[PDB]
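Trainee: Got an experimental structure here, sequence first:
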There are 4 protein chains.
Amino acid sequence: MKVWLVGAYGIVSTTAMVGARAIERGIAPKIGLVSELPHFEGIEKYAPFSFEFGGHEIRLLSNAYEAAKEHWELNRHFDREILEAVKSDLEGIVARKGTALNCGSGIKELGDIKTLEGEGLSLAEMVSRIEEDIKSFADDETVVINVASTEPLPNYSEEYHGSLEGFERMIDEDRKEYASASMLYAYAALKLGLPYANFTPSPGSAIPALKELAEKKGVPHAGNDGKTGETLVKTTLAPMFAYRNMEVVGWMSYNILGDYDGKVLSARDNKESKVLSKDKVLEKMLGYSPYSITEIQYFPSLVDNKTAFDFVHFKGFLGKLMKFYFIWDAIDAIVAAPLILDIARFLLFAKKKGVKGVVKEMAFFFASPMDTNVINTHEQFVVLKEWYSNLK
Amino acid sequence: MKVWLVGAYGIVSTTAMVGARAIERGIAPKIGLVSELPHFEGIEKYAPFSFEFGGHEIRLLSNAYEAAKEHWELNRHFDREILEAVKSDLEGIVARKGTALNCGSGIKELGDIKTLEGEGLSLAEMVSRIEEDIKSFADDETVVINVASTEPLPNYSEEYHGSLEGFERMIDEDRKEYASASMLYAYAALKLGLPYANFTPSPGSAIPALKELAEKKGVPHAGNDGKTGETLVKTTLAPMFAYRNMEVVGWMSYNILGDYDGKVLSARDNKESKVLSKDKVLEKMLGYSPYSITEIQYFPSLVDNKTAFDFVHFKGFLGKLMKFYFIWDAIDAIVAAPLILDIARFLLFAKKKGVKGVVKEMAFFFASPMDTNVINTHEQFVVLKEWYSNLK
Amino acid sequence: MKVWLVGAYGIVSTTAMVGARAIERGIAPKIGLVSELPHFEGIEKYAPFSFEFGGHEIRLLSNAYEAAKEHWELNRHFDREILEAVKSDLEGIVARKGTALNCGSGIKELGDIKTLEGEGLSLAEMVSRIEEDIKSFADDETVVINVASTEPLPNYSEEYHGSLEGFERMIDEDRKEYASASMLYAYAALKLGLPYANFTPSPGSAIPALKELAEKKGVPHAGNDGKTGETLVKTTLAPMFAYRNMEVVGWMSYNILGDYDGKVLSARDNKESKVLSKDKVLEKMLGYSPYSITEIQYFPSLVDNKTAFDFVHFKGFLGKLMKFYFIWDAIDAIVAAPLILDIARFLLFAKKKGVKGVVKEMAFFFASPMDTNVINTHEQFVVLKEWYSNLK
Amino acid sequence: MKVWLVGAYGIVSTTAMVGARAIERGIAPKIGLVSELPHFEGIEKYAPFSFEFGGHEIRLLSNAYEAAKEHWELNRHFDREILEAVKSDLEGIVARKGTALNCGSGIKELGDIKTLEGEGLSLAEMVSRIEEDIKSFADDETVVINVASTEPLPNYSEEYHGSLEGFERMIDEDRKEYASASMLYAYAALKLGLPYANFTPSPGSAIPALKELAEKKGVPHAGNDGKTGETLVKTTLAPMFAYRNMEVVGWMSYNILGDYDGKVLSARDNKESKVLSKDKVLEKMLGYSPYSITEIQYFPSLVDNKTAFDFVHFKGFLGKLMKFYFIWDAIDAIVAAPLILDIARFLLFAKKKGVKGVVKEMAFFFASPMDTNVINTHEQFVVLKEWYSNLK
Ligand SMILES: NC(=O)c1ccc[n+]([C@@H]2O[C@H](COP(=O)([O-])OP(=O)(O)OC[C@H]3O[C@@H](n4cnc5c(N)ncnc54)[C@H](O)[C@@H]3O)[C@@H](O)[C@H]2O)c1
Ligand SMILES: NC(=O)c1ccc[n+]([C@@H]2O[C@H](COP(=O)([O-])OP(=O)(O)OC[C@H]3O[C@@H](n4cnc5c(N)ncnc54)[C@H](O)[C@@H]3O)[C@@H](O)[C@H]2O)c1
Ligand SMILES: NC(=O)c1ccc[n+]([C@@H]2O[C@H](COP(=O)([O-])OP(=O)(O)OC[C@H]3O[C@@H](n4cnc5c(N)ncnc54)[C@H](O)[C@@H]3O)[C@@H](O)[C@H]2O)c1
Ligand SMILES: NC(=O)c1ccc[n+]([C@@H]2O[C@H](COP(=O)([O-])OP(=O)(O)OC[C@H]3O[C@@H](n4cnc5c(N)ncnc54)[C@H](O)[C@@H]3O)[C@@H](O)[C@H]2O)c1
Ligand code: NA
Ligand code: NA
């Protein structure tokens, strides 16, 4: 299958590419791949483990190997022998210039960038380049996945976001104020009849306009925002207090990280998308609102080794207060990268099975899952297993 | 309903009694009570929130109020106004002298004790006092729950434990070597047609002899070992790694506590029952065996404020190792005490609904649940909800 | 001796008062009192353990017992028997209405307040009430200590802060813009020839104008900002990396707390005083600047139980990076309150020994110590011991 | 200078060798070297940064490069380019067969070993091989440092350990029962007039017999047991509670590690040497005995990445209990290896300055420092600085 990655030179993107190749060459295990669990045996009938890659970027590098290597130098998150083994493969992956339209002040942290909008292109002209890029690469087994930097909250517009007609009128009118890069890539993917997933808390296809487009086109889509680390633990652990009839009175989540993701998320406007995603999970599992504080701060020495410190203050029998602490220490690209490959496979599977619109049953992968109130990790995994079984 | 508590003067026992009374008087909330979750509405039809208490003990105190107060002085785990409010009530609860037969070297840590066996009584004579004590208290809504100190592993015997006939032959023969206090209390309870639960990892009714007895008598029973803190987190969290196809390579669980439970568990023979319970959970959820280390050490300054430190070392994508730490800081009697009341209620419910034998669907309460391979906290809670629904 | 406490109804203030009385009555130990260490034996010759209290406040309560009780209800940070024992004593302590001039937006978090400036009083008129309040209480063994809410950074003024003449010209001119409450209380104390200490990071007497005043008057003064918890650990631990020739590349300090101090510090302008104090310590001990992030966030369930999470990322041999984490869990008023009594005693001692100006050798108590580059806790304690020895 | 390393193929030993070479070649910084702090400028006059290596071992490898590489494969604790750069250098370092006499049951965990005693050699014959090995390598700038596996407590003997005459009588009598490998290597080193240091808690030269020998020969010696991680933090932090007149009521230290050191220390007899060293530090800094629990458990996934979890329970003002937690996450060989080079340099310095007997002022490096009650890290560092200054 083919995967078009928006933000193709990112650490998550390049690790997914390195990882695909290393597994295909038989020099890495299948650990971390949800699609490789016994319950999903038979997936390879519709979505075998075989990947070709293309994508959009705004940072300037020659190919995905120079990109993967840049990240590897700072993080060393796979062995040099894996880097060497996948070199000629990744050297052949060359991203196309994309759009960073309305992607927030955090974008400046990426350094040297080139964009479609910086060429003077209108919305219609940008959509045409984006679509030409993708359609030149795409086949009948192609999926588009957004792993680009996190955008700020979009400028609100009922008219331009509320219906596909309104959104297409937005493009016709070149009303850039109400468009963001993530909507334009999603629009392009769905217009081309290609399954789409959003690994970020940027809007992407999560607006009614694009939800309507996906349904009309009969195209499956999924998101938003990878649930890889702290939020995974949060949606696994929070239910434990509810099952035991305890009240969570306070929940602190402090996340520190470096690298390009920490760098963009350090900006107050970009950060807001992520912070809301992380916070709002508690109410959806508990029914009520614990005093919740969630922060992300740049901490350059950690690079891609995002560390989270959580503190849960909870009441039990006779109103007595008690304390739980956790510290999560992992490489963000390690927990994220296989999920990209898993999502591509589940999207292709769903496409072949005639699924269209929001694949709500893919909630398990996401911190802000579209069209569902299933947030509990355990319930989500059951829903994913049962969905697949019902379609296999 | 009536509850006979073996280890009636313990901190868990006395807190359950204090808590029952405080709720009944309307000066405490219902927080911590699983039987009070919306899904279990209607339980009060069969098991209303109303408790009378008796029990067995070996430590010397006048009544359960002097006992509750002893623990309260060191822990202060409920307000003085709760202590005062429940005083005359608990003053009327007077334990009967029980047996500490083969309850391990840790028993010495309890200080001044008196026992049935120290009177020179045979197994048959001890069973008769135990049964006379219970039957004098019991009615048709009475349950027996063991919350006594944790015993060592029992002396192995196929003959005396393997069948009810063999066990009754053991008593007839006064073969004390193959009996423990927890089996004798369980035997007495089941012989009297009373539902029984074991909040400890002592054998209790978890031997084939007594399992056979419960079935024959048509009596429901449950256990073993309250899952209140570290083991709860372990059975909630471990599944998260499996769902994400990660390998747990190492799991450290270090528990430090004081008070009488830490004191008895400091003894190497008693400790073994608990350590096995805590450890064996991982394999049953994962399918394989992470390098697992579990320890309990006495630490007197903490008193009943058991603190656990856990460290999970795990592999993900491309074999990369990552780290998760947690620290649990709670009052053991706070997380345990409502479960005693919940168990009494669910046992009475099951009794009225014609349930008999091991109530495997009560696994949710226990670290070593009898007759089940359902260990996952989420699966256990679903099983408990579905069980109740199917019987309501 | 007598102690005038600015912010007399605060949790630190009222705990110091409760604590003084309880020790004097012989129902509490002397634990926590630096002035009670063997090395300071003989202090009682000049500053015996004997305290009378008065002070300024802006929150509305009848006396210091109602104030201490308000905090005790939420925190329970000493036993009810201590509360009862010190009741009639604290009932006789009645604060006088003070000034909250330019004390930042965080002041609004205190609820119902009354102030001198809200009466329409000029700077000269306010200074006269403040001075009349203090001088009516003061004797030849009286000290003034500021434990009021933390102020924002003051409005900068070379002219009005740079010399005593400029500062007195500020008052004559009623130029409120360049005055804050903490400077006015400090001015009043020093004008009255009374030793002064600032337990907060508010400016207080730490401006050249007031430093000049203290010298002229021959009066000892000390500050700023109690070093009680996270910053104490930081100044104890940081030196360990320097001694071992390791480079600290990153230091995260995250502090969460509730109660009135967390409430005022939640305001972005007030918070800035504290955050700078906490951060700048590293450079002064290390010679260089680790990437340092320090935050304080309100977290109401913790009340006065401030919890800090720190993360130290450090390089050693061959440039290899390593990790250290700590979690501090204490009651802020517990670590602060004895230091108030200690400071009063050391200030009276210094006064009797003819010390005047900044008592730099009291650095040990403070996170922003005036007139010194001694920050290391170990060096500070040696300096304090040697200072006292040289004057005893 | 030359350094003879007992346990030459260990991870600490081989990292010190790799590190020496990498610095000398100018491809690594001087971070981690105490001898490279500004205060020790001028050391290079007597002990320049220049190292040749030999040593004793019992595990079977061809040379120190194959040994360093074995550890590097599992730990990756320096870059492959460092490994490559120092290859031909380390290939030329070939250990001589040593003795593992009375080195405990933990020795079995090392796998395939060959020893002098396994040849049938008496004590006198073994001492002669050990001495011939060392004297063939040694010059006038040679030091012997023990970095071999930790031994159990020795068999007690006043006669054979109490005086040099008694110890030499032990050898003459071939009384192996009262000798251990570490005493024999130390004896050999001192008999040859060579400075000696013990990086382990094995006895080494810390018996009166050998202390007497070192004095007679006019030879400087140092130890015992590297203070690199948890014990360093403990001796840095404990003083903070004393300075503030707080009582430490409990201190938990839990250490988990893998690799050969964790493997040998997993044995109950070997472990005892280390556990006593770690524990006894508190009393020497505090004057009293907090309830202290210290454990070391094998945890193979961590390899040389020893992780410690500490919990400090402490009383302050009014007897209120408070909590401090730390987690130490480092590579043991990283914090240890430069100290080996530092110790060699300080020993050579002391030798040239006419120092003889126990160099008590090297306490700073050690968890069980010989001939001193200075345990506080801050006091130790001052003593080290002042010692050097007084001799430079
Ligand atoms: N565990 C995780 O790493 C994780 C978890 C949840 C969400 N996410 C989200 O996934 C995304 C990728 O994470 P990452 O660590 O790889 O970040 P990254 O910065 O390394 O990669 C993102 C890439 O996108 C490019 N980019 C930014 N805006 C673009 C645009 N408009 N069009 C095309 N390219 C653009 C950047 O130049 C960069 O190369 C981020 O949004 C992140 O917040 C990551
Ligand atoms: N969170 C928890 O507190 C928790 C969780 C799981 C299991 N448990 C188990 O529940 C039990 C109670 O815990 P606790 O903190 O109340 O301990 P506890 O020591 O305070 O109470 C146990 C009581 O049992 C009495 N006893 C001991 N052996 C007896 C015997 N053979 N017959 C009659 N009485 C006997 C003791 O004197 C004591 O009063 C322990 O076995 C404990 O390990 C507790
Ligand atoms: N461990 C610690 O508690 C600690 C450590 C370092 C610094 N401090 C500082 O000490 C101070 C007291 O801490 P706390 O917990 O008692 O806070 P608190 O809010 O309980 O007490 C401060 C009191 O000052 C009063 N106040 C505010 N502004 C005033 C003004 N201008 N004039 C007179 N009264 C005023 C408030 O009404 C309040 O009663 C705070 O500034 C705090 O940041 C505390
Ligand atoms: N941070 C630290 O690594 C640290 C801190 C304090 C103390 N120490 C001590 O330093 C020593 C070395 O630590 P390590 O991690 O390198 O352990 P290691 O096991 O890797 O190295 C020790 C070497 O000594 C050899 N050995 C054992 N007994 C011997 C004997 N009698 N004669 C000659 N060789 C022998 C072993 O084969 C091994 O190669 C251990 O005793 C350890 O406990 C280490
Ligand atoms: Na805690
Ligand atoms: Na870590």
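Mentor: Okay, I see it. Numbering: from 1, shown residues only, chains lettered A, B, ... in the order given. Ligands and ions are numbered 1, 2, ... in the order given.
Trainee: Let me see the contact set for the residue lying closest to residue A:180 once chain neighbours are set aside.
Mentor: Sequence neighbours aside, residue A:102 is the residue nearest to residue A:180 in space, at 4.4 Å (criterion: C-beta to C-beta, 6 or more residues apart in numbering or on different chains). In this view, the C-beta of every residue, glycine as well, is placed from N, C-alpha and C. Residue A:102 makes contacts with A:151-152, A:154-155, A:176-177, A:179-181, as judged by C-beta atoms under 8 Å, 6 or more residues apart in numbering or on different chains.
Trainee: Ok, residue A:96 next?
Mentor: By C-beta under 8 Å, 6+ apart, the contact set of residue A:96 is A:54-57, A:133.
Trainee: What are the boundaries of the strands in the stretch 51-200 of chain A?
Mentor: A:52-57, A:96-97, A:142-146, A:196-198 (DSSP state E, counting those that start in this stretch).
Trainee: can you tell which of those is closest to residue C:317?
Mentor: Nearest to residue C:317, of all those, is strand A:52-57, at 38.5 Å by C-beta to C-beta.
Trainee: Is the closest one positioned near ligand 1?
Mentor: Yes - using C-beta under 6 Å from any ligand atom, we find that strand A:52-57 touches ligand 1 at A:56-57.
Trainee: by contact count, what packs against that strand?
Mentor: strand A:2-6, helix A:11-24, strand A:96-97, helix A:123-137 (3 or more C-beta pairs under 8 Å, 6 or more residues apart in numbering or on different chains; DSSP states H and E).
Trainee: Which of these sits closest to residue B:159?
Mentor: Among the helices and strands packed on strand A:52-57, helix A:11-24 comes nearest to residue B:159, with 55.4 Å by C-beta to C-beta.
Trainee: Tell me which residues of the closest one come out buried.
Mentor: Within helix A:11-24, the residues scored as buried using 16 or more other C-beta atoms under 10 Å in any protein chain shown are A:11-23.
Trainee: hang on, the earlier thing: mind putting the contacts of residue A:96 into JSON lines with neighbour count?
Mentor: Below are those laid out as JSON lines (neighbours: other C-beta atoms under 10 Å in any protein chain shown):
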{"residue": "A:54", "neighbour count": "21"}
{"residue": "A:55", "neighbour count": "28"}
{"residue": "A:56", "neighbour count": "27"}
{"residue": "A:57", "neighbour count": "26"}
{"residue": "A:133", "neighbour count": "21"}
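Trainee: Can you tell me which of these is closest to residue D:85?
Mentor: The shortest gap between residue D:85 and any of those belongs to residue A:57, at 36.0 Å (C-beta to C-beta).
Trainee: list the contacts for the residue of the stretch 201-350 of chain A found nearest ligand 4?
Mentor: Nearest residue of the stretch 201-350 of chain A to ligand 4, counting by C-beta to the nearest ligand atom: residue A:329, 20.7 Å away. Residue A:329 makes contacts with A:305, A:307, B:322-325, C:323, as judged by C-beta under 8 Å, 6+ apart.
Trainee: and the helix ranked longest in chain A, is it in reach of chain D?
Mentor: Secondary structure of chain A per DSSP state H: the longest helix is helix A:332-352. No - against chain D, helix A:332-352 shows no contacts by C-beta under 8 Å from any C-beta of the partner chain, the least distance being 15.9 Å.
Trainee: Can you show me the CA trace of that helix as PDB?
Mentor: Taking Å, rounded to 0.1, in the frame of the first residue of the first chain, the C-alpha atoms of helix A:332-352 are listed here in PDB:
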ATOM      1  CA  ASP A 332       7.500  10.000  21.500                       C
ATOM      2  CA  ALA A 333       8.300   8.700  17.900                       C
ATOM      3  CA  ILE A 334       8.600   5.200  19.300                       C
ATOM      4  CA  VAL A 335       5.100   5.000  20.600                       C
ATOM      5  CA  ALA A 336       3.700   7.000  17.600                       C
ATOM      6  CA  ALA A 337       5.400   5.500  14.500                       C
ATOM      7  CA  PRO A 338       3.800   2.000  14.500                       C
ATOM      8  CA  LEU A 339       0.300   3.600  15.000                       C
ATOM      9  CA  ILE A 340       0.800   5.500  11.700                       C
ATOM     10  CA  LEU A 341       1.400   2.100  10.000                       C
ATOM     11  CA  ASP A 342      -1.500   0.600  11.900                       C
ATOM     12  CA  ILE A 343      -3.900   3.400  11.000                       C
ATOM     13  CA  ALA A 344      -2.900   3.200   7.300                       C
ATOM     14  CA  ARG A 345      -3.700  -0.600   7.500                       C
ATOM     15  CA  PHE A 346      -7.000  -0.200   9.300                       C
ATOM     16  CA  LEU A 347      -8.100   2.600   6.900                       C
ATOM     17  CA  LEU A 348      -7.300   0.500   3.800                       C
ATOM     18  CA  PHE A 349      -9.100  -2.400   5.500                       C
ATOM     19  CA  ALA A 350     -12.200  -0.200   6.200                       C
ATOM     20  CA  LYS A 351     -12.000   1.100   2.600                       C
ATOM     21  CA  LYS A 352     -12.100  -2.400   1.100                       C
END
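Trainee: other SSEs contacting it?
Mentor: Packing partners of helix A:332-352 (3+ C-beta pairs under 8 Å, 6+ apart): strand A:2-6, helix A:11-24, strand A:142-146, strand A:196-198, strand A:220-223, helix A:377-391.
Trainee: ok, now with 7 Å
Mentor: Packing partners of helix A:332-352 (3 or more C-beta pairs under 7 Å, 6 or more residues apart in numbering or on different chains; DSSP states H and E): helix A:11-24, strand A:142-146, strand A:220-223.
Trainee: Assess the claim that residue A:331 and residue A:305 are in contact.
Mentor: Yes - counting by C-beta atoms under 7 Å, residue A:331 does reach residue A:305; the two are 5.6 Å apart.
Trainee: Could you show which parts of the stretch 251-392 of chain A are in contact with ligand 5?
Mentor: Proximity of the stretch 251-392 of chain A to ligand 5 (C-beta under 5 Å from the ion) is limited to residues residue A:323.
Trainee: who in chain A is up against chain C?
Mentor: Within chain A, the positions near chain C by C-beta under 7 Å from any C-beta of the partner chain are A:249-250, A:252, A:254, A:256, A:291, A:293, A:297, A:299-302, A:307, A:309, A:311, A:313, A:325, A:327.
Trainee: try it again with 6 Å
Mentor: A:249-250, A:252, A:254, A:256, A:291, A:293, A:297, A:299-301, A:309, A:313 (C-beta under 6 Å from any C-beta of the partner chain).
Trainee: Just the buried residues of the residues you listed.
Mentor: Among those, those classed as buried by neighbour count (16+ other C-beta under 10 Å) are A:249-250, A:252, A:254, A:256, A:291, A:293, A:297, A:299-301, A:309, A:313.
Trainee: Of the residues you listed, which belong to strands?
Mentor: A:249-250, A:252, A:254, A:256, A:291, A:293, A:297, A:309, A:313 (DSSP state E).
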